[PDB]
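Asks: Before I ask anything, here is the structure I am working with.
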Amino acid sequence: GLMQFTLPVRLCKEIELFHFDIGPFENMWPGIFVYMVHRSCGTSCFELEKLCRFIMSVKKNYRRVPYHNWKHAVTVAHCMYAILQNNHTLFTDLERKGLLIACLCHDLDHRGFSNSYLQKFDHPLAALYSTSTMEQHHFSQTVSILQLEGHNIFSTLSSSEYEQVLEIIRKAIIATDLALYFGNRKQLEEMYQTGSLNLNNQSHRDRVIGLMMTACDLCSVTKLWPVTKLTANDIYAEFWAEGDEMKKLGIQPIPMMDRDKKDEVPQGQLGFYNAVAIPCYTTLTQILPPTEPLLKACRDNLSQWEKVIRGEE
Ligand SMILES: Cc1oc(-c2ccc(F)cc2)nc1CCOc1cc2ccccc2cn1
Ligand SMILES: [Mg+2]
Ligand SMILES: [Zn+2]
């Protein structure tokens with residue numbers, strides 16, 4: 001109970017910033033996450049014995065794919081930590097608990113293939129869950145792990161508090177399906193503009209948590225240019241493997257996934273920043289003004305991709 005986690009000075013200071021990179025030492029990522037729970041949530045939120053056992057089982061159920069791996073899980077949880085810490089008073093005790101766990105779990109057992117590829121392959125998961133296929137599987141794996149002996153990090157919550165937090169995690173994980181993002185942000189856009197956005201309305205909170213989940217999930221675009229740039233390689237390495245698998249089913253993949261069309265990546269990152277990322281962090285900044293650094297960092301990386309196109313790198 002008197003057992004804090006602490007971090008070296010450089011990490012203690014940088015972990016508070018949105019552009020923090022968790023670094024290449026896998027063995028420090030559990031301690032980084034627990035540090036974030038303790039400052040975000042409290043030293044009492046979770047039984048340390050149970051939290052540590054939960055983290056390690058989550059880690060074990062992420063696969064060794066180039067991008068949708070254990071490092072992505074912790075990176076997405078750190079972005080959520082940064083948002084929560086800069087918006088201290090807006091979120092309930094249960095949301096602070098739920099959301100860091102949701103982020104850590106949001107891509108559990110990902111294979112590096114999109115929902116589309118599961119549907120065209122005719123993967124068993126695409127019969128079990130017709131939309132948001134991987135995301136319903138991620139939530140499914142989360143409940144699985146919560147139910148292993150010794151892993152119930154929520155066992156101090158009441159019957160109905162337990163149901164509220166698992167319902168926060170479910171919606172948070174479903175929202176990471178980028179197909180649901182577009183409409184969700186349009187609704188938040190109109191609600192914010194017509195002045196009807198109300199955070200006492202549970203359906204409005206749900207929408208806002210959804211957008212945070214998209215913001216944390218895409219946070220690779222909000223780091224310093226060399227982090228953003230090297231992560232884009234991991235992202236495309238999965239896309240090109242999927243493209244290859246599409247060719248093996250006799251389907252020309254979209255250019256984004258075709259490794260013979262690498263030259264179009266810079267122009268594809270512009271489309272992605274303007275169609276997805278910039279709008280996401282704009283609407284997020286409108287609703288939670290302290291998340292502006294994510295918008296500023298995202299715009300800086302858009303400008304770095306423009307420079308790559310103009311052959312100045
Ligand atoms: C998946 C995708 O969707 C689109 C896209 C989607 C809608 C649209 F109107 C135009 C482009 N381009 C991509 C290719 C690049 O996709 C991504 C996904 C990322 C996720 C996290 C951090 C960085 C990322 C960079 N590029
Ligand atoms: Mg996902
Ligand atoms: Zn993700």
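Residues are referred to by chain and number: the chain letter is A, B, ... according to the order shown in the structure tokens, the number counts from 1 in that chain, and ligands are numbered separately from 1 in the order shown.
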So that I can check the secondary structure, give me every residue of segment 57-267 of chain A assigned helix (DSSP H, G or I) by backbone DSSP, as a PyMOL selection string.
Replies: chain A and resi 57-60+70-85+88-90+93-105+115-121+124-128+133-146+159-174+178-193+202-217+219-222+225-248+255-257+259-267
Asks: List as number ranges by chain the protein and nucleic acid residues near segment 96-105 of chain A, meaning an atom at most 9 Å away when only C-alpha atoms are counted, but skip any in the same chain fewer than 6 places from it.
Replies: A: 33, 36-37, 40-41, 45-46, 55, 58-59, 62, 70, 72-78, 80-81, 84, 138-139, 141-142, 154, 165-170, 172-173, 209, 213, 216-217
Asks: Would you save the residues from that selection as a compact mmCIF listing (two decimals), in the first residue's frame, using N, CA and C atoms?
Replies:
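Final file, out12.txt:
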# COMPACT_ATOMS: atom_id res chain seq x y z
N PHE A 33 3.06 1.44 -17.18
CA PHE A 33 1.58 1.40 -17.14
C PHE A 33 1.11 1.54 -15.70
N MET A 36 1.28 4.87 -14.39
CA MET A 36 0.19 5.71 -14.97
C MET A 36 -1.12 5.43 -14.22
N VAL A 37 -1.47 4.18 -13.95
CA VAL A 37 -2.68 3.83 -13.16
C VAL A 37 -2.59 4.53 -11.80
N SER A 40 -3.07 8.33 -12.12
CA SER A 40 -4.30 8.64 -12.90
C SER A 40 -5.55 8.29 -12.09
N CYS A 41 -5.38 7.38 -11.15
CA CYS A 41 -6.47 6.53 -10.63
C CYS A 41 -6.32 6.48 -9.12
N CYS A 45 -6.81 1.93 -6.35
CA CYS A 45 -7.67 1.51 -7.50
C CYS A 45 -7.63 -0.02 -7.68
N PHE A 46 -6.44 -0.62 -7.68
CA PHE A 46 -6.25 -2.04 -8.05
C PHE A 46 -5.36 -2.69 -7.00
N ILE A 55 -1.76 -7.59 -16.25
CA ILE A 55 -0.86 -6.95 -17.25
C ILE A 55 -0.09 -8.03 -18.02
N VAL A 58 -2.32 -10.03 -20.26
CA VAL A 58 -2.63 -9.18 -21.45
C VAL A 58 -1.43 -9.22 -22.39
N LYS A 59 -0.24 -8.97 -21.86
CA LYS A 59 1.01 -8.97 -22.66
C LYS A 59 1.13 -10.27 -23.46
N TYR A 62 -1.09 -10.53 -26.70
CA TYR A 62 -0.69 -9.72 -27.88
C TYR A 62 0.33 -10.53 -28.66
N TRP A 70 2.23 -5.35 -28.31
CA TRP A 70 2.21 -4.99 -26.89
C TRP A 70 2.65 -3.54 -26.77
N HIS A 72 2.16 -1.13 -28.96
CA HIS A 72 1.00 -0.28 -29.37
C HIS A 72 0.02 -0.17 -28.20
N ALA A 73 -0.19 -1.27 -27.50
CA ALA A 73 -1.14 -1.29 -26.38
C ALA A 73 -0.72 -0.23 -25.37
N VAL A 74 0.56 -0.24 -25.02
CA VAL A 74 1.05 0.61 -23.91
C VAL A 74 1.08 2.06 -24.39
N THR A 75 1.44 2.26 -25.64
CA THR A 75 1.47 3.61 -26.26
C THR A 75 0.06 4.21 -26.21
N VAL A 76 -0.97 3.41 -26.51
CA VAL A 76 -2.35 3.95 -26.60
C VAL A 76 -2.82 4.27 -25.17
N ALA A 77 -2.44 3.44 -24.18
CA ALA A 77 -2.73 3.70 -22.75
C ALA A 77 -2.01 4.97 -22.28
N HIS A 78 -0.77 5.21 -22.71
CA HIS A 78 -0.04 6.44 -22.29
C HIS A 78 -0.79 7.67 -22.84
N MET A 80 -3.98 8.02 -23.44
CA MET A 80 -5.17 8.14 -22.56
C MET A 80 -4.76 8.73 -21.21
N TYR A 81 -3.63 8.29 -20.65
CA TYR A 81 -3.12 8.80 -19.35
C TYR A 81 -2.94 10.32 -19.48
N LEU A 84 -6.38 12.14 -19.63
CA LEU A 84 -7.03 12.09 -18.29
C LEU A 84 -6.35 13.09 -17.35
N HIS A 138 -11.43 -8.51 -29.52
CA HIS A 138 -10.62 -7.82 -28.48
C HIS A 138 -11.40 -7.73 -27.16
N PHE A 139 -12.66 -7.31 -27.19
CA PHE A 139 -13.41 -7.16 -25.94
C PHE A 139 -13.60 -8.56 -25.32
N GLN A 141 -11.64 -11.25 -25.59
CA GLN A 141 -10.36 -11.62 -24.93
C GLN A 141 -10.21 -10.87 -23.61
N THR A 142 -10.58 -9.60 -23.55
CA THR A 142 -10.51 -8.83 -22.29
C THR A 142 -11.33 -9.54 -21.19
N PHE A 154 -11.13 -5.85 -10.70
CA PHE A 154 -12.33 -5.05 -10.37
C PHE A 154 -13.10 -5.65 -9.17
N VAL A 165 -18.38 -0.47 -15.46
CA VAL A 165 -16.97 -0.38 -15.94
C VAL A 165 -16.80 -1.30 -17.16
N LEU A 166 -17.36 -2.53 -17.15
CA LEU A 166 -17.21 -3.49 -18.28
C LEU A 166 -17.98 -2.91 -19.47
N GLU A 167 -19.00 -2.12 -19.21
CA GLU A 167 -19.78 -1.46 -20.28
C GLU A 167 -18.98 -0.27 -20.85
N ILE A 168 -18.29 0.49 -20.00
CA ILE A 168 -17.32 1.51 -20.49
C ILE A 168 -16.24 0.86 -21.37
N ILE A 169 -15.68 -0.27 -20.95
CA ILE A 169 -14.55 -0.91 -21.68
C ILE A 169 -15.10 -1.39 -23.02
N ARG A 170 -16.26 -2.05 -23.02
CA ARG A 170 -16.87 -2.60 -24.27
C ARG A 170 -17.03 -1.46 -25.30
N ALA A 172 -15.65 1.51 -25.32
CA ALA A 172 -14.33 2.11 -25.63
C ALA A 172 -13.63 1.25 -26.69
N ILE A 173 -13.68 -0.07 -26.56
CA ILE A 173 -12.97 -0.99 -27.48
C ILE A 173 -13.71 -1.03 -28.83
N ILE A 209 -15.90 9.73 -25.20
CA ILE A 209 -14.95 8.61 -24.90
C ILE A 209 -14.56 7.89 -26.20
N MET A 213 -10.75 7.50 -27.57
CA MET A 213 -10.26 6.16 -28.00
C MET A 213 -9.65 6.27 -29.39
N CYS A 216 -6.33 8.31 -29.00
CA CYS A 216 -5.25 7.52 -28.36
C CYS A 216 -4.78 6.48 -29.38
N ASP A 217 -5.73 5.87 -30.06
CA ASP A 217 -5.38 4.80 -31.00
C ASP A 217 -4.49 5.34 -32.09
Asks: Counting only C-alpha atoms and all ligand atoms, which protein, DNA or RNA residues come within 8 Å of ligand 2, given as a PyMOL selection string?
Replies: chain A and resi 68+106-107+110+134-135+138+173+176-177+217
Asks: Would you write out those residues with N, CA and C atoms, as a short mmCIF file (atom, residue, chain, number, x, y, z; two decimals), in the first residue's frame?
Replies:
data_model
loop_
_atom_site.label_atom_id
_atom_site.label_comp_id
_atom_site.auth_asym_id
_atom_site.auth_seq_id
_atom_site.Cartn_x
_atom_site.Cartn_y
_atom_site.Cartn_z
N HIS A 68 0.42 -3.91 -34.40
CA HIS A 68 -0.69 -4.21 -33.44
C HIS A 68 -0.21 -5.18 -32.36
N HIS A 106 -7.17 -3.00 -26.00
CA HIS A 106 -8.08 -2.65 -27.13
C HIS A 106 -7.73 -3.46 -28.39
N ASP A 107 -6.53 -3.96 -28.51
CA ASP A 107 -6.12 -4.76 -29.70
C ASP A 107 -5.70 -6.18 -29.31
N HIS A 110 -4.61 -9.40 -31.78
CA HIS A 110 -4.64 -8.92 -33.18
C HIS A 110 -3.68 -9.75 -34.02
N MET A 134 -12.83 -7.60 -35.40
CA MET A 134 -11.68 -7.75 -34.48
C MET A 134 -12.04 -7.11 -33.14
N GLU A 135 -12.75 -6.00 -33.16
CA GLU A 135 -12.97 -5.23 -31.92
C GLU A 135 -13.87 -6.06 -31.00
N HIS A 138 -11.43 -8.51 -29.52
CA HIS A 138 -10.62 -7.82 -28.48
C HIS A 138 -11.40 -7.73 -27.16
N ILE A 173 -13.68 -0.07 -26.56
CA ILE A 173 -12.97 -0.99 -27.48
C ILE A 173 -13.71 -1.03 -28.83
N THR A 176 -12.79 1.84 -31.29
CA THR A 176 -11.45 1.81 -31.94
C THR A 176 -11.61 1.25 -33.35
N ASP A 177 -12.81 0.88 -33.73
CA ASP A 177 -13.07 0.43 -35.12
C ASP A 177 -13.17 1.70 -35.95
N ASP A 217 -5.73 5.87 -30.06
CA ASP A 217 -5.38 4.80 -31.00
C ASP A 217 -4.49 5.34 -32.09
#
Asks: What is the distance between atom CA of residue 50 of chain A and atom CA of residue 157 of chain A, in Å to one decimal?
Replies: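 Interatomic distance, atom CA of residue 50 of chain A to atom CA of residue 157 of chain A: 14.1 Å.
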Asks: Once you count only C-alpha atoms and all ligand atoms, which residues end up within 8 Å of ligand 1, and could you hand them over as a ChimeraX atom specification?
Replies: /A:217-221,228,231-232,235-236,256,265,268-269,271-276
Asks: Those residues with C-alpha atoms, as a PDB file, in the first residue's frame please?
Replies:
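Below is the file that was written, again.pdb:
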ATOM      1  CA  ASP A 217      -5.379   4.802 -30.995  1.00  0.00           C
ATOM      2  CA  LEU A 218      -3.942   7.086 -33.722  1.00  0.00           C
ATOM      3  CA  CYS A 219      -1.409   8.776 -31.368  1.00  0.00           C
ATOM      4  CA  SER A 220       1.557   7.611 -33.540  1.00  0.00           C
ATOM      5  CA  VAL A 221       0.737  10.732 -35.702  1.00  0.00           C
ATOM      6  CA  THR A 228       6.022   8.974 -36.368  1.00  0.00           C
ATOM      7  CA  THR A 231       6.144   3.719 -36.699  1.00  0.00           C
ATOM      8  CA  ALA A 232       4.696   4.305 -40.256  1.00  0.00           C
ATOM      9  CA  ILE A 235       2.042   0.184 -39.972  1.00  0.00           C
ATOM     10  CA  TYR A 236       2.787  -0.360 -43.698  1.00  0.00           C
ATOM     11  CA  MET A 256      -2.392   1.396 -49.470  1.00  0.00           C
ATOM     12  CA  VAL A 265       2.795   6.237 -49.240  1.00  0.00           C
ATOM     13  CA  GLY A 268      -1.518   8.300 -48.708  1.00  0.00           C
ATOM     14  CA  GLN A 269      -0.300   9.764 -45.342  1.00  0.00           C
ATOM     15  CA  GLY A 271      -5.021  11.769 -47.234  1.00  0.00           C
ATOM     16  CA  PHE A 272      -5.027  10.017 -43.860  1.00  0.00           C
ATOM     17  CA  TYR A 273      -3.956  13.201 -41.943  1.00  0.00           C
ATOM     18  CA  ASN A 274      -6.616  15.406 -43.724  1.00  0.00           C
ATOM     19  CA  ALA A 275      -9.439  12.761 -43.872  1.00  0.00           C
ATOM     20  CA  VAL A 276      -8.914  11.207 -40.385  1.00  0.00           C
TER      21      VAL A 276
END
Asks: Fewer than 6 positions away in the same chain doesn't count, so skip those; otherwise give me all residues within 10 Å of residue 283 of chain A, counting only C-alpha atoms, as a VMD selection string.
Replies: chain A and resid 185 to 186 188 to 189 192 208 211 289 295
Asks: Write the selection just made, keeping N, CA and C atoms, as a compact mmCIF listing (two decimals), in the first residue's frame?
Replies:
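Contents of out.txt, freshly written:
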# COMPACT_ATOMS: atom_id res chain seq x y z
N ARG A 185 -17.61 11.32 -34.98
CA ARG A 185 -17.01 12.68 -34.99
C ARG A 185 -17.97 13.67 -35.67
N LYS A 186 -18.69 13.30 -36.72
CA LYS A 186 -19.68 14.22 -37.35
C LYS A 186 -20.74 14.57 -36.31
N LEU A 188 -20.41 14.55 -33.09
CA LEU A 188 -19.79 15.40 -32.04
C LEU A 188 -19.59 16.83 -32.58
N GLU A 189 -19.25 16.94 -33.86
CA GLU A 189 -19.09 18.22 -34.61
C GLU A 189 -20.41 19.00 -34.49
N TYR A 192 -21.44 19.94 -30.84
CA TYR A 192 -20.58 20.98 -30.24
C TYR A 192 -20.97 22.35 -30.81
N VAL A 208 -17.93 11.00 -26.71
CA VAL A 208 -16.67 11.74 -26.38
C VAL A 208 -15.59 10.72 -26.02
N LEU A 211 -14.27 9.20 -29.13
CA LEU A 211 -13.34 10.09 -29.88
C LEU A 211 -11.96 10.06 -29.21
N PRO A 289 -10.21 21.31 -24.42
CA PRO A 289 -9.20 22.26 -24.86
C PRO A 289 -7.79 21.85 -24.46
N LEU A 295 -3.28 17.98 -31.47
CA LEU A 295 -3.58 18.69 -32.75
C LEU A 295 -2.32 19.36 -33.31
Asks: Please report the interatomic distance between atom CA of residue 43 of chain A and atom CA of residue 27 of chain A in Å with one decimal.
Replies: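 Taking atom CA of residue 43 of chain A and atom CA of residue 27 of chain A, their separation equals 21.1 Å.
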Asks: Looking at only C-alpha atoms, which of A:130, A:159, A:184, A:252 is the one that sits closest to residue 203 of chain A?
Replies: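 Smallest distance to residue 203 of chain A is found for A:184.
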Asks: Give me the residues near residue 297 of chain A as a short mmCIF file (atom, residue, chain, number, x, y, z; two decimals) with N, CA and C atoms, in the first residue's frame, where near means some atom within 8 Å (using only C-alpha atoms) and where sequence neighbours in that chain fewer than 4 positions away do not count.
Replies:
data_model
loop_
_atom_site.label_atom_id
_atom_site.label_comp_id
_atom_site.auth_asym_id
_atom_site.auth_seq_id
_atom_site.Cartn_x
_atom_site.Cartn_y
_atom_site.Cartn_z
N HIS A 19 3.66 13.69 -26.27
CA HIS A 19 4.53 13.09 -27.32
C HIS A 19 5.50 12.07 -26.70
N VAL A 221 0.67 9.52 -34.84
CA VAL A 221 0.74 10.73 -35.70
C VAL A 221 1.01 11.97 -34.83
N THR A 222 1.01 11.86 -33.50
CA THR A 222 1.18 13.01 -32.58
C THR A 222 2.55 12.95 -31.90
N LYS A 223 3.44 12.06 -32.32
CA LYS A 223 4.80 12.00 -31.70
C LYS A 223 5.78 12.89 -32.49
N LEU A 224 7.03 12.97 -32.03
CA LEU A 224 8.09 13.68 -32.79
C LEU A 224 8.33 12.93 -34.10
N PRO A 293 -2.17 20.09 -27.64
CA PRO A 293 -0.85 19.64 -28.07
C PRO A 293 -0.93 18.48 -29.07
N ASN A 301 3.53 16.95 -38.06
CA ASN A 301 3.79 15.72 -38.86
C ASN A 301 3.12 15.83 -40.24
#
Asks: Report as a list in words all protein, DNA and RNA residues lying within 8 Å of residue 145 of chain A, evaluated on only C-alpha atoms, omitting residues in the same chain fewer than 6 positions from it.
Replies: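 That gives residues 54, 57, 58 and 151 of chain A.
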Asks: Based on the selection just made, write N, CA, C and O atoms of those residues as a CSV table (one decimal), in the first residue's frame.
Replies:
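What landed in part.csv:
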chain,number,residue,atom,x,y,z
A,54,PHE,N,-2.7,-9.4,-14.2
A,54,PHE,CA,-3.5,-9.0,-15.3
A,54,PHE,C,-2.7,-8.5,-16.5
A,54,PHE,O,-2.9,-9.0,-17.6
A,57,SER,N,-0.7,-11.3,-18.3
A,57,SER,CA,-1.6,-12.1,-19.2
A,57,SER,C,-2.0,-11.3,-20.4
A,57,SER,O,-2.0,-11.9,-21.5
A,58,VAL,N,-2.3,-10.0,-20.3
A,58,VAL,CA,-2.6,-9.2,-21.4
A,58,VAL,C,-1.4,-9.2,-22.4
A,58,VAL,O,-1.6,-9.6,-23.6
A,151,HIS,N,-7.1,-12.7,-11.5
A,151,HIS,CA,-7.0,-11.6,-12.5
A,151,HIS,C,-8.1,-10.6,-12.4
A,151,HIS,O,-8.2,-9.7,-13.3
Asks: Looking at only C-alpha atoms and all ligand atoms, which of A:94, A:143, A:298, A:174 is the one that sits closest to ligand 3?
Replies: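 Distance minimum relative to ligand 3 lands on A:174.
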Asks: So that I can see what lies close to segment 248-251 of chain A, please list as a list in words the residues with an atom at most 12 Å from it, counting only C-alpha atoms and leaving out residues fewer than 6 positions away in the same chain.
Replies: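 The contact residues come out as residues 116, 117, 118, 119, 120, 121, 122, 241, 242, 257 and 258 of chain A.
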Asks: Taking only C-alpha atoms into account, which of A:247, A:307, A:296, A:111 comes nearest residue 267 of chain A?
Replies: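 Of all the options, A:307 lies closest to residue 267 of chain A.
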Asks: Closest to residue 132 of chain A among A:163, A:212, A:152, A:181, using only C-alpha atoms?
Replies: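 Ranked by minimum distance to residue 132 of chain A, first place goes to A:181.
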